[PDB]
Amino acid sequence: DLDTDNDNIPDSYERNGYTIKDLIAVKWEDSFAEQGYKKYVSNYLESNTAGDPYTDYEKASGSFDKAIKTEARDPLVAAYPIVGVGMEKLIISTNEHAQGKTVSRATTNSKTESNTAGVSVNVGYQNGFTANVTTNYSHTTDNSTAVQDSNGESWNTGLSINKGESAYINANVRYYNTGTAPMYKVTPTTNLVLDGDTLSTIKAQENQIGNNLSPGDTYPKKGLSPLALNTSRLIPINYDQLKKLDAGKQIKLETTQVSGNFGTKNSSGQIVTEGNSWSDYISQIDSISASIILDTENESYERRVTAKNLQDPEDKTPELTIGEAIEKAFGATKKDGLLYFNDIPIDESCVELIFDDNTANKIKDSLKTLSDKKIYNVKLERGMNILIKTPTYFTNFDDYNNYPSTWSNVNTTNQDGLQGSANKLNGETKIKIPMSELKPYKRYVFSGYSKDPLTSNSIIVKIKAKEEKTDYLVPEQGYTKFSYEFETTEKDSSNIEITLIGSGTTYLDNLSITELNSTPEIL
Amino acid sequence: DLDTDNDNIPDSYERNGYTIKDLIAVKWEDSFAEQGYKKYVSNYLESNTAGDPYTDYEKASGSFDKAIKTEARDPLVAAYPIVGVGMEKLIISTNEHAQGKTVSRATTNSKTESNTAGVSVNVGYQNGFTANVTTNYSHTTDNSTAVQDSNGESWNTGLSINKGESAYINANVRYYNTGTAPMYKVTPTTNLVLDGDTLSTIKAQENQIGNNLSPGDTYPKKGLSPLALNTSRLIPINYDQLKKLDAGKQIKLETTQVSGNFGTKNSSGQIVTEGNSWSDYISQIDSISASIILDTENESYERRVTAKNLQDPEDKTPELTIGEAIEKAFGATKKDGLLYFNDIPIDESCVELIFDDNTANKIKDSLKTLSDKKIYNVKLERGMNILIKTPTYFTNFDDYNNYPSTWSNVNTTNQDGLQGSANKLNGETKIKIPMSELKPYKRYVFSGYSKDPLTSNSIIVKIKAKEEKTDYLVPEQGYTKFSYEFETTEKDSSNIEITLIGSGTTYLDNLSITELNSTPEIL
Amino acid sequence: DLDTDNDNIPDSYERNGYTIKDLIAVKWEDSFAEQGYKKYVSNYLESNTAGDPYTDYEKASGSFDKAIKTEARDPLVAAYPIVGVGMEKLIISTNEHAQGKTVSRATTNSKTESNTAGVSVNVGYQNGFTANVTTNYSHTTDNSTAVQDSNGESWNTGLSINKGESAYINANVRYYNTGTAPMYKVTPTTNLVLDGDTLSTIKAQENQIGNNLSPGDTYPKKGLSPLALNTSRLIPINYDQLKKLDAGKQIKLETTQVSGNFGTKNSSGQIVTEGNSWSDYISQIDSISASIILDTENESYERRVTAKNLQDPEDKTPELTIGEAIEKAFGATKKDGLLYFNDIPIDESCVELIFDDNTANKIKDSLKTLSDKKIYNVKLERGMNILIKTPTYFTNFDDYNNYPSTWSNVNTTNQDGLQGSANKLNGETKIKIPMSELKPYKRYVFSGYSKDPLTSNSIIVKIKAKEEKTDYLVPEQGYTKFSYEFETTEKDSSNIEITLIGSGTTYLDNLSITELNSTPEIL
Ligand SMILES: [Ca+2]
Ligand SMILES: [Ca+2]
Ligand SMILES: [Ca+2]
Ligand SMILES: [Ca+2]
Ligand SMILES: [Ca+2]
Ligand SMILES: [Ca+2]
Ligand SMILES: [Ca+2]
Ligand SMILES: [Ca+2]
Ligand SMILES: [Ca+2]
């Protein structure tokens, strides 16, 4: 009944209960949780919960831009715009205006490549920390390029450079947005950096892209003509960096400064975008919120969620766990003990978790006092980053199985599993996968969980690839997570085999195969 | 009941008790110092205790820009933004448009080099003075570049400059903000100098740095590619300073004018950065407050703290000691006679303290009248500069120890130390520190405390390095600080030996290895 | 109770006493002189008692711009900012772009030299005039250049100019303030004058400095690089003034028009520096107040003080003596008959006094009626000039003794002196001040005081340098002041010795060696 800020919601209704229906507010008592309403938690000392250019009421009632994704309806998630650039096809030509020698290659893009390229994986997880530590960190602003149609052939012999003069570089790019915010006056700048030696900067101005970029969309609408670097003209190169591109290095294409406008609803009609810009709220959002990234193999997402700092009892901001923040940022359905997306389950054992050194140290220090030793029950703190990687293949010996092949010697008849059932081991367990279903020249990690109700039972696991290896595993009464890496090669090679031999008592569950990054090719 | 300024704070409270909770002001009754609540002190004759454009009650209540660091909510420390610029790597090319001969070297930038370069060392420290002096004083505005990847070769061999015509220089620079204040419309003017001779200046304008610079964050957000000086275009060089650069001197950068605005709330809604400027409060802050700089091996900070004019009893402003100023300006947990950060310990006998000549004369005048003979229990006066250097290696034979190796023949079972334990001696004390963990071409100070309740039980020390020496240290009844210096070379040498032997009675404590400056390399 | 001006202070409290506490005026009764309180007097017929744009209550209550030095707190001293430009490095280039024959020399600036460059000395100082007479006056605005690092070589040798065309000049400059006021919007216009001929006018606009120059703070803040004039650009020279610098003349720099703004606190918040100009108050101060310039070996000071016109009984204004005017315009500590700074002594017999011819005539008119024979007890009048030059060396055989070389035959066992003791003489008196501290190509004056309690005891003095001089002196009953002059030469000369021989009865006191100006050099 008491009001502090300039919002219709009372200060008592800004904590421990929040329901918005027919443009008024009513208290939640847990009767209509199935009827399409979710619980909002917000500040009650400040009008603006996060740094987005809206009040808490307008983003909790739908009276804002229709282009904004609906996942930012909760007041702890703000509309933060990100503009990313992807590189698709490359051509090399010896002229400047546009005869000569022109060569063309196709190239795939990887958004979450530089983040996980500095991840070293050990053979054993210490205590309840079921994650890895990266070396460096980066958002999806930068992008990585991998050459697919790379037959053994030097790039020099197709261009005939002798001593000093080198050709030019032309390409096609696409402009995507990974976040819950559009941009209207899109003016980005992008550096084309090859292993540190900067080549050029690209500014696409305004008229070439148009007055909008809706979230989740690019300018080439799905499958159409990609935008080339012809229509600020062409990029040169010298006779020092071509061998670097040929042998080991890949072209980095990263967006540096992003400027634009947006829309706020006026009193009368449709949107306005003239006297307002995205230039002041970058540090207003980025200095109070964390950064949660999710990487499905088809598309990626990033969100920013406000957090709580421990050394300020006067700051009465909402406090969440890790899993609650994931649920509110990404949108999920709560099943019995589990959190689901539309088709991909989300759990501390079903996907992979990546943190930097500060977050890893904070989680290791904060997991001492808890008595459950689970990842999702970690208190949210500001200034940390989470990268969730969805496996490209995952089975849980249950209703979900996306493996293209079928396993051998599978015994579903068990009930002492971490989630449901498990496989009773008696002898061999073998699977093979053809090379065509896996992208060449990458790095894969195969991970799983094991349990043994004996003293000194042991398992051996053989991974047959272009570096085949055999490894030894000694499980105990507790659940043990194992993870082993392997490398792939070109499509003209053999299949990939996964075998494991035991003594006939252990149990296995939660099998996953996940791609991380790309390996250099000898060229 | 009584009021003096245009603020909400009562007059009878404003001295010796001050607490903000739930946007109300209550006195201090020294019973909730453990729940995170803290006290502050403010002048009662003016609304702005410091020189910032925020009132003290507002800047202590949190109703201000949230990107400012949370320890700046102390009203006794003002917000002051500092912009620094420095190289990462350097290139020379003989063409104005970009073939020819091009060389590239990789450098490292350092923040406190010109300040420490005028500091001399001695065998003993007379009286209670536990600090050194510097020839000239500079802030962290200027940066020094050190060239690492450089074997024996002159720049002329890779350039072939004969009589007068020289090549062109280009560099990769970064911009950083080490202070408790952001700025938005950044317009830095930077002189790129070689030992006094200004080669040129650069004006970054707006399109290359961006409309934002968060405090504590560089221009590339954490790890991205460094900006190149290709987007006013190029700067020249002649064949007079090339060999001068070759022999002894290094390129320095300093900014001169930094223009920008500060952000604040409007009457109704969002924040505006239009009708403000960070150019009218620089002198008004610098002519009222002190200057305290801290330099950790990872990062650096500096603050301006207001002081009391002792020769003016009318100016009713609160007074400070040195340790209380450090605690209130940086933010530190106060253990029993101890100031701790999250991991770095600071005390009067664990760090290095640097003043200039005027502060040295003032502290020598004010030290004799004190009955405790310590550095921290000194009243703060305006217009004096303090620098604190945290050593890269430091131990006290206690809970804190981060040496890359382990000390030999340690008898820590003792209590007669400055803080608990001490190193009893019966035989030698040796360490062989390897060069793989130390920066090449540096100057290092070995510092420590010696004490012995005996007549003349002297000790001797031997430092084996590229400049090897032996020294004799005699003890006293008092507690004597011993400091010595040595120099190092490139990474392809043998280990550095520190050996000390006495006669089985002396006590040695608080052993520290720190770095000062860079030596000119012969090339 | 009775009020005249726009101040809360009554007319009676505006005379013979002025104390302020808790923003309330109170009268002086001589019990709180030792508690830091100071006594002022102010006009009671105008709101602005001085020409600075502040009323007496506002300039005495501290509620004004804090960058103004505390010496301007009293109402009888005006806030007058002065911008001076100094030249440090002279480089000559024969091109209009940047290749060519370039020569770079180092040069030191002298601020107050031309005001005292035309002074001549006398053997005896007649009557009670213990000062000197100058031929021209100059502020700290003009500045002179003196070249030290210059071996035997013509400037034409480094340029090889034959008949018709000479090179271009380029300079390194610094900007300083010496006054009790800051200006923000600096507009410096300067002329580079060469012995009556104007070479060029330099206008450094707004962007080469910015809107901040603190008083007493150089634009390169303490130790940084000198600012070159390469950021309106170039200055030519002919083959007529190029040979004039070789023999006798020196390049001089004189600012002509400077304007700025003074910052005023508004009603509610911060300070405004837009609607203002430092052009309507220059003639308000300069046409009323006098001029006092003080020259220390480390810094210079300039102040303007309002005086009394003796031919005006209607003009009711404060009347000041010379010593009280100095004490109010600088801030002084009063020992028993003595005026001291923190360490620099100032007195009628401890420094050098320079007066203009009109001022000397007025003072010599005023000296006859005085019955005390002291120069500091003279009533001030509008439009007179005072220069106080502190000698670089000064002894009095007392608490202050800062000669680097000790005397010979020192007998301090005496008490019939002007202050404290006097040096008893028995035979010769020797001093040998060496090469290592004397600035070259300068002119020095050694002055002293003598008594002799005998009828016809004469003394002899010898000054041995490259230009030696002998002299015979006859002292008298009272205090007699004598002054001698000499010059110096380059580094490769010998040390300078001073001998004085008496006969055992004469008494010598207050020996002061000072520098006056610079001599032309043969080259
Ligand atoms: Ca509210
Ligand atoms: Ca709210
Ligand atoms: Ca299961
Ligand atoms: Ca107050
Ligand atoms: Ca106040
Ligand atoms: Ca200890
Ligand atoms: Ca009055
Ligand atoms: Ca008055
Ligand atoms: Ca005396």
# chains A, B, ... in the order shown; residues from 1 in each chain; ligands from 1
>>> residues_near_ligand(ligand="ligand 4", cutoff="7 Å", atoms="only C-alpha atoms and all ligand atoms", output="list in words")
residues 3, 4, 5, 7, 8, 9, 10, 11, 14, 44 and 47 of chain B
>>> residues_near_ligand(ligand="ligand 2", cutoff="12 Å", atoms="only C-alpha atoms and all ligand atoms", output="MDAnalysis selection string")
chainID A and resid 3:15 18 40:50 54:60 74:76 316:318
>>> interface_residues(of="chain A", to="chain B", cutoff="9 Å", atoms="only C-alpha atoms", output="compact mmCIF listing (two decimals) with C-alpha atoms, in the first residue's frame")
# COMPACT_ATOMS: atom_id res chain seq x y z
CA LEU A 45 14.39 1.56 -3.76
CA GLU A 46 15.03 2.46 -7.43
CA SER A 47 12.63 3.02 -10.32
CA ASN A 48 14.92 1.27 -12.83
CA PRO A 53 15.95 2.56 -20.79
CA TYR A 54 12.64 1.49 -19.25
CA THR A 55 10.95 1.46 -15.89
CA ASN A 136 40.99 -15.90 -21.89
CA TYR A 137 37.39 -14.78 -22.27
CA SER A 138 35.37 -13.16 -25.03
CA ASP A 142 34.04 -11.71 -32.23
CA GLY A 164 57.21 -7.96 -53.17
CA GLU A 165 53.73 -7.30 -54.52
CA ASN A 191 38.60 -4.90 -37.45
CA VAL A 193 42.91 -8.86 -37.60
CA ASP A 195 47.23 -12.94 -35.51
CA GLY A 196 47.72 -9.44 -34.09
CA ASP A 197 48.91 -7.66 -37.24
CA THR A 198 45.94 -5.42 -38.03
CA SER A 200 41.99 -2.95 -42.00
CA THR A 201 38.79 -1.57 -40.51
CA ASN A 238 51.53 -7.81 -48.01
CA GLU A 254 35.79 -8.65 -34.62
CA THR A 256 34.83 -3.04 -31.87
CA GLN A 257 32.51 -0.02 -31.49
CA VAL A 258 28.75 -0.33 -31.99
CA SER A 259 26.47 2.71 -32.19
CA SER A 279 25.52 5.39 -26.04
CA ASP A 280 25.01 5.83 -22.27
CA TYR A 281 23.56 2.51 -21.06
CA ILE A 282 26.47 0.25 -22.08
CA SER A 283 28.39 0.87 -18.86
CA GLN A 284 25.12 1.25 -16.95
CA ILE A 285 24.21 -2.35 -17.80
CA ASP A 286 27.71 -3.86 -17.99
CA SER A 287 28.83 -2.70 -14.52
CA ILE A 288 25.92 -4.14 -12.52
CA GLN A 311 29.66 -6.07 0.92
CA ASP A 312 26.55 -3.85 0.88
CA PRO A 313 23.62 -4.82 3.14
CA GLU A 314 21.82 -1.58 2.21
CA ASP A 315 21.57 -2.71 -1.44
>>> residues_near_ligand(ligand="ligand 3", cutoff="7 Å", atoms="only C-alpha atoms and all ligand atoms", output="ChimeraX atom specification")
/A:396-398,417-422,509-510
>>> write_last_selection(atoms="N, CA, C and O atoms", output="compact mmCIF listing (two decimals), in the first residue's frame")
# COMPACT_ATOMS: atom_id res chain seq x y z
N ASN A 396 20.97 -40.07 -22.29
CA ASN A 396 20.85 -40.28 -20.86
C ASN A 396 20.24 -41.64 -20.54
O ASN A 396 19.79 -41.86 -19.41
N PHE A 397 20.24 -42.55 -21.53
CA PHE A 397 19.66 -43.90 -21.40
C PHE A 397 18.19 -43.82 -20.99
O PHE A 397 17.73 -44.55 -20.11
N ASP A 398 17.46 -42.93 -21.65
CA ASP A 398 16.10 -42.56 -21.30
C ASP A 398 15.38 -42.20 -22.59
O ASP A 398 15.78 -42.62 -23.68
N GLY A 417 20.28 -44.94 -10.82
CA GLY A 417 20.87 -43.95 -11.68
C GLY A 417 20.71 -42.54 -11.13
O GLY A 417 19.88 -42.28 -10.27
N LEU A 418 21.54 -41.64 -11.65
CA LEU A 418 21.47 -40.24 -11.23
C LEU A 418 20.17 -39.59 -11.69
O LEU A 418 19.59 -38.78 -10.96
N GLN A 419 19.68 -39.94 -12.88
CA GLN A 419 18.39 -39.47 -13.37
C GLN A 419 17.69 -40.65 -14.05
O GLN A 419 17.86 -40.89 -15.24
N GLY A 420 16.90 -41.39 -13.27
CA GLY A 420 16.13 -42.49 -13.81
C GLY A 420 16.84 -43.83 -13.76
O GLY A 420 16.91 -44.46 -12.70
N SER A 421 17.36 -44.27 -14.90
CA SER A 421 17.96 -45.58 -15.03
C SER A 421 19.43 -45.45 -15.44
O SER A 421 19.98 -44.35 -15.49
N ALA A 422 20.05 -46.59 -15.72
CA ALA A 422 21.44 -46.64 -16.15
C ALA A 422 21.64 -47.91 -16.96
O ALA A 422 20.71 -48.69 -17.17
N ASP A 509 26.16 -43.58 -17.00
CA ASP A 509 25.03 -42.70 -17.26
C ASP A 509 25.55 -41.36 -17.79
O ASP A 509 26.73 -41.04 -17.65
N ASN A 510 24.63 -40.60 -18.40
CA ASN A 510 24.84 -39.21 -18.82
C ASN A 510 26.01 -39.08 -19.80
O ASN A 510 27.03 -38.45 -19.53
>>> residues_around(residues="residue C:366", least_positions_apart="5", cutoff="10 Å", atoms="only C-alpha atoms", output="JSON, numbers by chain")
{"C": [360, 361, 375, 377, 378, 379]}
>>> residues_around(residues="stretch 474-480 of chain C", least_positions_apart="3", cutoff="9 Å", atoms="only C-alpha atoms", output="ChimeraX atom specification")
/C:124-125,418,448-460,506
>>> atom_distance(atom1="atom CA of residue C:388", atom2="atom CA of residue B:310")
28.1 Å
>>> select_by_dssp(residues="stretch 73-315 of chain C", states="helix (DSSP H, G or I)", output="list in words")
residues 244, 245, 246, 247, 282, 283, 284, 285 and 286 of chain C
>>> select_by_dssp(residues="stretch 369-432 of chain B", states="strand (DSSP E or B)", output="list in words")
residues 379, 385, 386, 387, 388, 389, 393, 394, 395, 401, 417, 420, 423, 428, 429, 430, 431 and 432 of chain B
>>> write_last_selection(atoms="N, CA, C and O atoms", output="PDB file, in the first residue's frame")
ATOM      1  N   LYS B 379      49.398  13.058  11.190  1.00  0.00           N
ATOM      2  CA  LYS B 379      48.271  13.825  10.673  1.00  0.00           C
ATOM      3  C   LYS B 379      48.503  14.202   9.214  1.00  0.00           C
ATOM      4  O   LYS B 379      49.594  14.632   8.831  1.00  0.00           O
ATOM      5  N   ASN B 385      52.349  13.953  -1.683  1.00  0.00           N
ATOM      6  CA  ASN B 385      52.109  12.804  -2.544  1.00  0.00           C
ATOM      7  C   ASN B 385      52.703  11.549  -1.922  1.00  0.00           C
ATOM      8  O   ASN B 385      53.853  11.561  -1.470  1.00  0.00           O
ATOM      9  N   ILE B 386      51.922  10.471  -1.904  1.00  0.00           N
ATOM     10  CA  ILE B 386      52.345   9.194  -1.339  1.00  0.00           C
ATOM     11  C   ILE B 386      52.207   8.131  -2.418  1.00  0.00           C
ATOM     12  O   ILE B 386      51.190   8.087  -3.120  1.00  0.00           O
ATOM     13  N   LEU B 387      53.227   7.285  -2.563  1.00  0.00           N
ATOM     14  CA  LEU B 387      53.126   6.103  -3.407  1.00  0.00           C
ATOM     15  C   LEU B 387      53.431   4.859  -2.587  1.00  0.00           C
ATOM     16  O   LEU B 387      54.373   4.842  -1.789  1.00  0.00           O
ATOM     17  N   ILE B 388      52.631   3.820  -2.803  1.00  0.00           N
ATOM     18  CA  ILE B 388      52.797   2.523  -2.163  1.00  0.00           C
ATOM     19  C   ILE B 388      53.087   1.504  -3.252  1.00  0.00           C
ATOM     20  O   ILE B 388      52.342   1.407  -4.235  1.00  0.00           O
ATOM     21  N   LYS B 389      54.183   0.771  -3.091  1.00  0.00           N
ATOM     22  CA  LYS B 389      54.585  -0.275  -4.019  1.00  0.00           C
ATOM     23  C   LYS B 389      54.498  -1.614  -3.304  1.00  0.00           C
ATOM     24  O   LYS B 389      55.163  -1.821  -2.281  1.00  0.00           O
ATOM     25  N   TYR B 393      57.437 -10.417  -4.542  1.00  0.00           N
ATOM     26  CA  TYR B 393      57.660 -11.552  -3.657  1.00  0.00           C
ATOM     27  C   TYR B 393      57.769 -11.029  -2.235  1.00  0.00           C
ATOM     28  O   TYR B 393      58.498 -10.066  -1.987  1.00  0.00           O
ATOM     29  N   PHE B 394      57.046 -11.647  -1.306  1.00  0.00           N
ATOM     30  CA  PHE B 394      57.013 -11.128   0.054  1.00  0.00           C
ATOM     31  C   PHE B 394      56.624 -12.243   1.011  1.00  0.00           C
ATOM     32  O   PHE B 394      55.700 -13.008   0.731  1.00  0.00           O
ATOM     33  N   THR B 395      57.331 -12.327   2.137  1.00  0.00           N
ATOM     34  CA  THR B 395      56.977 -13.301   3.159  1.00  0.00           C
ATOM     35  C   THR B 395      57.276 -12.737   4.540  1.00  0.00           C
ATOM     36  O   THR B 395      58.102 -11.833   4.707  1.00  0.00           O
ATOM     37  N   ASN B 401      52.330 -16.507   2.374  1.00  0.00           N
ATOM     38  CA  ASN B 401      53.592 -16.913   1.757  1.00  0.00           C
ATOM     39  C   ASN B 401      53.311 -17.255   0.302  1.00  0.00           C
ATOM     40  O   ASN B 401      52.473 -18.118   0.025  1.00  0.00           O
ATOM     41  N   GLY B 417      58.309 -11.944  17.314  1.00  0.00           N
ATOM     42  CA  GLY B 417      58.343 -11.255  16.046  1.00  0.00           C
ATOM     43  C   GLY B 417      57.533  -9.967  16.111  1.00  0.00           C
ATOM     44  O   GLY B 417      56.871  -9.671  17.113  1.00  0.00           O
ATOM     45  N   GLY B 420      53.809 -11.948  15.365  1.00  0.00           N
ATOM     46  CA  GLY B 420      53.852 -13.374  15.616  1.00  0.00           C
ATOM     47  C   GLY B 420      55.212 -14.017  15.433  1.00  0.00           C
ATOM     48  O   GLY B 420      56.130 -13.785  16.226  1.00  0.00           O
ATOM     49  N   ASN B 423      62.054 -15.942  12.139  1.00  0.00           N
ATOM     50  CA  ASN B 423      62.953 -16.969  11.615  1.00  0.00           C
ATOM     51  C   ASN B 423      64.154 -17.101  12.545  1.00  0.00           C
ATOM     52  O   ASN B 423      65.095 -16.306  12.479  1.00  0.00           O
ATOM     53  N   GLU B 428      72.812 -21.679   7.773  1.00  0.00           N
ATOM     54  CA  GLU B 428      72.726 -20.820   6.604  1.00  0.00           C
ATOM     55  C   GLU B 428      71.274 -20.554   6.221  1.00  0.00           C
ATOM     56  O   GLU B 428      70.336 -21.138   6.770  1.00  0.00           O
ATOM     57  N   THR B 429      71.094 -19.644   5.264  1.00  0.00           N
ATOM     58  CA  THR B 429      69.800 -19.457   4.619  1.00  0.00           C
ATOM     59  C   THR B 429      70.043 -19.187   3.144  1.00  0.00           C
ATOM     60  O   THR B 429      70.674 -18.184   2.789  1.00  0.00           O
ATOM     61  N   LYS B 430      69.545 -20.078   2.292  1.00  0.00           N
ATOM     62  CA  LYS B 430      69.849 -20.070   0.870  1.00  0.00           C
ATOM     63  C   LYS B 430      68.562 -20.006   0.064  1.00  0.00           C
ATOM     64  O   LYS B 430      67.531 -20.548   0.474  1.00  0.00           O
ATOM     65  N   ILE B 431      68.626 -19.343  -1.090  1.00  0.00           N
ATOM     66  CA  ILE B 431      67.596 -19.515  -2.112  1.00  0.00           C
ATOM     67  C   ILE B 431      68.230 -19.313  -3.486  1.00  0.00           C
ATOM     68  O   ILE B 431      69.132 -18.485  -3.663  1.00  0.00           O
ATOM     69  N   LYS B 432      67.786 -20.125  -4.443  1.00  0.00           N
ATOM     70  CA  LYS B 432      68.209 -20.051  -5.839  1.00  0.00           C
ATOM     71  C   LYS B 432      66.961 -19.751  -6.664  1.00  0.00           C
ATOM     72  O   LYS B 432      66.248 -20.669  -7.079  1.00  0.00           O
TER      73      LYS B 432
END
>>> atom_distance(atom1="atom CA of residue B:299", atom2="atom CA of residue B:109")
12.1 Å
>>> atom_distance(atom1="atom CA of residue A:156", atom2="atom CA of residue A:110")
26.0 Å
>>> closest_residue(among="C:415, C:465, C:441, C:28", to="ligand 9", atoms="only C-alpha atoms and all ligand atoms")
C:415
>>> decode(residues="stretch 483-494 of chain C", atoms="N, CA, C and O atoms", output="mmCIF file, in the first residue's frame")
data_model
loop_
_atom_site.group_PDB
_atom_site.id
_atom_site.type_symbol
_atom_site.label_atom_id
_atom_site.label_comp_id
_atom_site.auth_asym_id
_atom_site.auth_seq_id
_atom_site.Cartn_x
_atom_site.Cartn_y
_atom_site.Cartn_z
ATOM 1 N N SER C 483 78.218 47.551 -1.117
ATOM 2 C CA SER C 483 77.864 46.596 -2.158
ATOM 3 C C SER C 483 78.944 46.578 -3.228
ATOM 4 O O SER C 483 79.405 47.637 -3.665
ATOM 5 N N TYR C 484 79.331 45.376 -3.650
ATOM 6 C CA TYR C 484 80.317 45.164 -4.698
ATOM 7 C C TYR C 484 79.713 44.259 -5.762
ATOM 8 O O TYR C 484 78.775 43.505 -5.498
ATOM 9 N N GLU C 485 80.265 44.326 -6.974
ATOM 10 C CA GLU C 485 79.746 43.555 -8.094
ATOM 11 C C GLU C 485 80.880 42.848 -8.823
ATOM 12 O O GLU C 485 82.029 43.298 -8.807
ATOM 13 N N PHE C 486 80.540 41.724 -9.450
ATOM 14 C CA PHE C 486 81.488 40.957 -10.253
ATOM 15 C C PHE C 486 80.706 40.067 -11.212
ATOM 16 O O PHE C 486 79.473 40.011 -11.174
ATOM 17 N N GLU C 487 81.436 39.376 -12.087
ATOM 18 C CA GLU C 487 80.862 38.464 -13.064
ATOM 19 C C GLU C 487 81.538 37.103 -12.948
ATOM 20 O O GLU C 487 82.483 36.915 -12.177
ATOM 21 N N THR C 488 81.046 36.149 -13.734
ATOM 22 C CA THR C 488 81.589 34.797 -13.785
ATOM 23 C C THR C 488 81.802 34.392 -15.239
ATOM 24 O O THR C 488 81.517 35.153 -16.166
ATOM 25 N N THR C 489 82.314 33.183 -15.438
ATOM 26 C CA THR C 489 82.725 32.717 -16.762
ATOM 27 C C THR C 489 82.249 31.260 -16.850
ATOM 28 O O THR C 489 81.382 30.832 -16.080
ATOM 29 N N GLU C 490 82.787 30.477 -17.782
ATOM 30 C CA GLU C 490 82.286 29.143 -18.083
ATOM 31 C C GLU C 490 82.777 28.132 -17.044
ATOM 32 O O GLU C 490 83.326 28.476 -15.990
ATOM 33 N N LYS C 491 82.563 26.847 -17.355
ATOM 34 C CA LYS C 491 82.894 25.767 -16.429
ATOM 35 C C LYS C 491 84.399 25.624 -16.230
ATOM 36 O O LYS C 491 84.847 25.303 -15.126
ATOM 37 N N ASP C 492 85.195 25.875 -17.268
ATOM 38 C CA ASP C 492 86.623 25.591 -17.239
ATOM 39 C C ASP C 492 87.435 26.671 -16.521
ATOM 40 O O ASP C 492 88.667 26.673 -16.619
ATOM 41 N N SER C 493 86.779 27.572 -15.794
ATOM 42 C CA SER C 493 87.461 28.573 -14.992
ATOM 43 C C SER C 493 87.746 28.013 -13.602
ATOM 44 O O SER C 493 87.444 26.858 -13.292
ATOM 45 N N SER C 494 88.347 28.845 -12.753
ATOM 46 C CA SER C 494 88.682 28.445 -11.397
ATOM 47 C C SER C 494 87.578 28.868 -10.429
ATOM 48 O O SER C 494 86.583 29.493 -10.805
#
